[PDB]
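S.K.: In our numbering, the protein residues as written are 11 to 81.
To start, I am sharing the structure in question, which I have written as C-alpha cells.
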Amino acid sequence: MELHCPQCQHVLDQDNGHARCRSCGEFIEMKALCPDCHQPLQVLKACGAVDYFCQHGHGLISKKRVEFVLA
Ligand SMILES: [Zn+2]
Ligand SMILES: [Zn+2]
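This is the structure in C-alpha cells:
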C-alpha cells in the first residue's frame, strides 16, 4: 500500500532521503534525523558509499533505522 501524501493523496515513490510523488508529479525531499536526537544526521559522502553519522554522540545510523521527516 506504501505511503500516501497528506495532500495530493497518492503513492509516494521513496528512495534515499527522497520521495517523488508518482501519479502526482510532485517532488518531495526528506530529512534524515536520528530517532534519539531529532537532529539531522551527518551525511558522510565517500562518493560511492554514503554513511549517516549521528552528530551528537551515538554512532552510525543506517537508512533503515533513520527517521525521515518532511522537509
Ligand atoms: Zn502526492
Ligand atoms: Zn542520536
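C-beta atoms are modelled at their ideal positions from N, C-alpha and C, and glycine is treated no differently.
Under 8 Å Cβ to Cβ from residue 31, same chain only, skipping five residues before and after it: list those, please.
M.R.: Answer for residue 31: 15, 18, 20, 21, 22, 23, 37 and 38, listed in chain order.
S.K.: When you compare each of 81, 48, 44 and 66 to residue 73 by their alpha carbons, which one comes out closest?
M.R.: Checking every option, the nearest Cα to that of residue 73 belongs to 44.
S.K.: Using the three-state DSSP reduction, which class does residue 76 fall into: helix, strand or coil?
M.R.: Reduced to three states, the DSSP call for residue 76 is coil.
S.K.: Tell me whether residue 66, by its Cβ, gets closer than 6 Å to a heavy atom of ligand 1.
M.R.: Not so, every heavy atom of ligand 1 lies at least 6 Å from the Cβ.
S.K.: Tell me whether residue 61 counts as near ligand 2, meaning its Cβ is closer than 6 Å to at least one heavy atom of that ligand.
M.R.: The answer is no for residue 61.
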